[PDB]
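Below: the structure, in structure tokens.
Residue numbers (the authors' numbering), protein chains in the order written: chain Q, 1 to 238; chain M, 1 to 238; chain R, 1 to 569; chain Z, 1 to 569.
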């Protein structure tokens, strides 16, 4: 019975779950490890039985443990239990989110936040730009993408947005649905203001002289809303 | 409780068998791994109980699983289950052959053979030789042993068989029981026909000139049926 | 001469020409195309068998006397499904054909001479294939390596630095120092290893520094920023240094669409991950690039084969892989997928047609490392059940389909990453990275792995037992896995630049260090049995994929083979 | 697609599959068995031909880019008579098949990649064979080497120390010091060279010292005393050191007859000179040893083919070779020959039947060094005229006879002397010792010789001419023949013992020095197309030779081919 290391690990997990189940039958309130093992082992056994789908197992995993079956804090600590179970149609990942309702008594590692908002990009004035997605697919723009060089299917006054980025929380994104028109707030890019990469429209220091070169490049490459004069004077390096 | 790695492995196997048994109780049809583990764990437990012999366990292992208790193909896949079990008289290897009857529905890795026989040693004409075993023990000769140099207790016309081997499937053997006389078919040894090793009767190219030297050597060493002239003329190297 | 029944002959020596064997529990039937053996002279090892001193083991062997011989093996390879003896000498495949003793048998070449220095391995009734090559490996944990090895994968090309978030998302080993870390850690494992650098940089100097530090290629991943500038610069540096470039395109369409990405690629050889899109914003239009010549398309494990439960796990896998918190409204709103059952079903049919050339895992980042081979054969079996025999089959067998799907994970990734000179197939001169399967367990559980001419992993029973068979039997490391033997057995692939600069002596590596080559001048036409370049008309309004006009789709499989019959969990 | 007339196609590219070409002015017809080319993609060099930058010369070549490619060559080899491009890289044959540019042509393997570093050689309408191997060379004068080279022989194995009487009689380089003399003198010549030591010694220490000094084998010659004791000791030492033994048996029957010589040989591999006897006392019974497995029989030039004038010169050649003064009554009385026209005629038929495996010269000692190939093909043509097509011919061609007679001087001597790994055939991995013939001049006058991947000898016109063609055209040394290029081009064969002891550094040799191997474990069965072992019943009362009962004889040829049509003198 050639056993793979994955199978050996799953056997250990199953017997940890069996121990948790025996303790629960004895009436011991389960801790974090026991609760996670119990849920995982139950999901694995149901999948092996093969009468349920992954959706049914995701639903059923949330009914195994009542709030009174676990110690205080276990429900807060357990956010989701993932387990790769072998179904009749192969191995699938079953994820159970919030399997136990939080009692609220004890929250390990809980945050005690101030009731004061965080002001981001302080000292930077934001301008408003109307953007239309004339493409056929939604477009997501990150907080730190150079907005001048976004997808050419987005239509807006690119001259206004040269050297700027979205004024949103860093790591978040703004989505433009096709045909949809939105108004976004843009703030100047900080630091050295050297734009490199993106769509290679600038690839240099962002100033008024590089703005003309960027606009001419964008117009040549077909970026919507980029307006460059017909009589454009080239420089020695561009 | 000083535990050896063998004991740890056997504990893992026992709990794999326990899991298989629980699944069988639940009514899940066992797969290959579960069936093998179940049989092995049951044999180990019976041996530890110590009321049965190894023969009794070999018999009992074939009754654990019915054909309807396993998935299709498991019975075909499982040919024999070996397990080293600690009896009251030490560790013994219990082997259960064909523990599950094949349903015949699905045969993993099954062969679909042509209905045409394989002709071995094609183009080689076989001569027939009568061989008597005048010794007290049976003698097995392989398909590729130089038949001239076989056990000296076999009696036959060695001159006829110089340079020849048995005309049987390669890897099979012919057994001559003591006192028994058999007729065998011999074919010429192929390739370079350089005989080295065996009983060191030839140790050179097999031709008519080396035949005389081999016959004289066999007569001197007492090989039955080897007839060499009394007035034998030696060569410079022999 | 004598005639023996074919059943007895096959039981003794394995199938011969014209005999058919079912692969695993699937519906695929492989027919032995030809046999190198001479009937009646077969090599057998045992008590009174032929592999003995003076009969088949030569007493005057040739100077090319084999170190190891595998007897009566059914070689399944993209070069053909045939029966032969494999000779291994000095870590390479010395010869394929009829082995034995020239003194007592006919038709024995000098390179297949069995002598007193030869070990014997009975392959009768066993299938021999080349070791798998997984090219999307996220090196998140070293425990992936034994899992893939036990699954039958012998070469892992990928990137990562452990369970960092950059590695969880991307197949990238960034920088000279991290490359040194990974190359020196690689000495531990029994697996051929290759590492990819970070291609997401507009700095030619940085990219070249990574290549000279030892990466065999670049990975441009969306999570580090897949922009046209980065694609262009990475492709320029890779054309300079003869290394592959792999890409996982931009999901958000931030800088452009599939057309803009293809314009940045500009008809240069590129290896694409998730060519079906995997729910990205380029989907389903990114499937169109699978018809281009310069694109080598690969598909990941989770979406093949298309099953009832395939779509349920995709969002969880996507969120965890891309590191989006499920308790954050912004991250949940950001986690937008364009996945469709139409695309997931079309992926299997494209694999069957040969539009997709490489199968891989993307281990522990939307993909299972120990299921590349199993899921490839599940897809092959499902397509055989759905569409029947391919029109290219020249007989009552599935040999063409077998070869196509085997190339998907053996020779095609080797060609893509420029290591096909060393690995990828059972050919003379290649390194002896062989996998021995029993046909009942083919595609799911190998019998043993030969790494560099020595057995490295094997199914083994109780160590205290009187024979190797008794339970518990599981996969154990063999002697090629231990001591200084693993240094001789295993290969670290580096770029030619690093090899010339002497990366082996500089980093003190004890493994064989080999340079990759011929990565830039390959197209889709160079893939074996998977070179179909067809205009893929993708209607995104209807999410409909057409090749040569005909629409492509498949139905979800309610039950796949090689899944629950073979695994306890 | 388009169809062009076969006549025009053959004029442009040479014969293709199914086309037949006459060899020289003989009656032998060679049929192209198969063609590796893809029609419409043939490689041509010229003004507006295909071998140009970007069309067939790759702009992104593989790393195995060829150094030289021979285009559209008709390869005539023991492995088959076919049409292909021959790629040469690093002095070896890198590949055989369809070469060109992978970017613009289909079916081009990586090892046949034509690139900017590739030189082109138009082989269209030209036959390519392996260089000849002459194994009976009496190294009497160094002027033999250019003569054999111009005849088409690229390897010379023999012995001698200049025009000493011992060398005039025997093929022997006696002793460590004389072997050093010859090995250091060998640096001058453009020819692979191997030297045989004196086997006529009952001293194992002396024989082993010669082998370690660098000889590739032993020669036991009657003129130094061919006694059974010497034969036995030489065979023992040669089995110890894995080197060939050649024998020229006792003419006088001083110590014994053919039976005693064969008893001393004792079924060990032995290469026999003048297996027809050449008038010796062992004749005609020595022809019986040509049926034994362990004897590799060779026949010399002068007695093949049997002509009207064959018997007239034999006594003069014998006396001068054996150093018997023609003005001395005792020496004239001693010079007794047992030669018969029956034996001379039977020699040609034995060659046709494959009983005799090797053709050689015995240069300037009863044999002509520059006529081995010519006389082999004269014998083949004479036998074709006499007995018609062989029964082994599978078609309306003489391919089997061509292959048999070509093996007689290409692959069979290489196997006999343990150098078949390096030379003897046009195969991938062997050294590029190739001969280019025009089919009108096949077997008599080559077009050019490629030595170690570079042209070493060629027909050339006036040096002051505006083209290479105008008269006078004769054979001139090319650049591989000069400077330090000949060191890279040529090979000196030594024993494995000398190679291990470092004979190259010890003697300061600049040539490649290669060890011979697999000399002791070969029999007559290992000769290609010449492995016929038949009981040869020789009636010495009637001088009648029978094989399988049937008597063998041939009629003298009044006029042979390839003799007066091609040579002014």
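Don't be surprised by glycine CBs; every beta carbon is placed ideally from N, CA and C.
is_contact[residue 557 (chain R), chain Q] using C-beta, thresh 7 Å: yes
Of the listed residues Z:347, Z:16, Z:495 and Z:442, nearest to residue 193 (chain Z) (C-alpha basis): Z:495
Rounded separation between residue 217 (chain R) and residue 195 (chain R) - CA only: 7 Å
Nearest to residue 205 (chain R) (by Cα), restricted to the options R:271, R:245 and R:241: R:241
Interface residues of the segment 188-214 of chain M facing chain Z [CB-CB below 7 Å]: 191, 192, 193, 204, 205, 207, 209 and 210
Contact with chain Q by residue 319 (chain M), beta-carbon distance below 7 Å: Past the boundaries of the shown model lies residue 319 (chain M); chain M is included only from 1 to 238, so the question cannot be answered.
Chain Z within 7 Å of residue 92 (chain R), Cβ atoms only: no
Helix, strand or coil at residue 341 (chain Z) [DSSP, three-state]: helix
Under 9 Å by beta carbon: chain M residues contacting residue 523 (chain Z): 191, 192, 193, 194 and 205
C-beta atoms of residue 78 (chain Z) and residue 407 (chain Z) nearer than 7 Å: yes
Beta-carbon separation (whole angstroms), residue 137 (chain R) vs residue 156 (chain R), contact threshold 8 Å: 5 Å
Residues sharing a beta bridge with residue 68 (chain Q), DSSP: Looking at the DSSP assignment, residue 68 (chain Q) forms no beta bridge with any residue, so it has no partner.
Residues of its chain near residue 130 (chain M), where Cβ-Cβ distance is below 7 Å and the 5 sequence neighbours each way are ignored: 156, 181 and 183
Interface residues of the segment 472-485 of chain Z facing chain R [CB-CB below 7 Å]: none
Segment limits, beta strand (DSSP E) that includes residue 515 (chain R): 512-515
Bridge-paired residues (DSSP) for residue 237 (chain R): Bridge partners of residue 237 (chain R): none, in fact.
Residue of R:560, R:557 and R:499 minimising C-alpha distance to residue 213 (chain R): R:499
Outcome for residue 12 (chain Q) when other beta-carbon atoms lying within 10 angstroms are tallied against a minimum of 16: exposed
Cross-chain neighbours of residue 113 (chain M) in chain A, by beta carbon under 7 Å: Included in the structure are the protein chains Q, M, R and Z, with no chain A among them.
Within 7 Å, strictly: CB atoms of residue 245 (chain Z) and residue 230 (chain Z): no
Beta-carbon separation (whole angstroms), residue 81 (chain M) vs residue 39 (chain M), contact threshold 8 Å: 5 Å
With 16 other Cβ atoms within 10 Å as the buried cut-off, status of residue 305 (chain R): buried
Proximal residues of chain R, C-beta to C-beta of residue 217 (chain Q) below 9 Å: Within chain R, no residue comes near residue 217 (chain Q); the closest Cβ sits about 12 Å away, beyond 9 Å.
Where residue 105 (chain R) meets chain M, residues with beta-carbon distance less than 7 Å: 190 and 191
Against chain Q: residues of the segment 268-286 of chain R by CB proximity under 7 Å: 281
Nearest-angstrom Cα separation, counted from residue 91 (chain R) out to residue 74 (chain Z): 36 Å
Extent of the continuous alpha helix (DSSP H) to which residue 586 (chain R) belongs: This structure cannot speak to residue 586 (chain R), because chain R is shown only from 1 to 569.
Residue interval of the beta strand (DSSP E) (run including residue 133 (chain M)): 127-133
Enclosing alpha helix (DSSP H) for residue 314 (chain R) [first to last residue]: 314-322
Extent of the continuous alpha helix (DSSP H) run through residue 212 (chain Q): 208-221
Rounded C-alpha distance that separates residue 166 (chain Z) from residue 223 (chain Z): 8 Å
Whole beta strand (DSSP E) elements within the segment 33-111 of chain Z, 3-residue minimum: 68-77, 80-89 and 92-97
Range covered by the alpha helix (DSSP H) that runs through residue 181 (chain Q): Premise fails: residue 181 (chain Q) lies in the beta strand (DSSP E), 181-188, not in any alpha helix (DSSP H).
Buried or exposed by the 16-neighbour rule on C-beta atoms within 10 Å, applied to residue 421 (chain Z): buried
Whole runs of the alpha helix (DSSP H) within the segment 409-444 of chain Z, excluding any shorter than 4 residues: 412-416
Beta-carbon proximity check, residue 268 (chain R) vs residue 294 (chain R), cutoff 7 Å: yes
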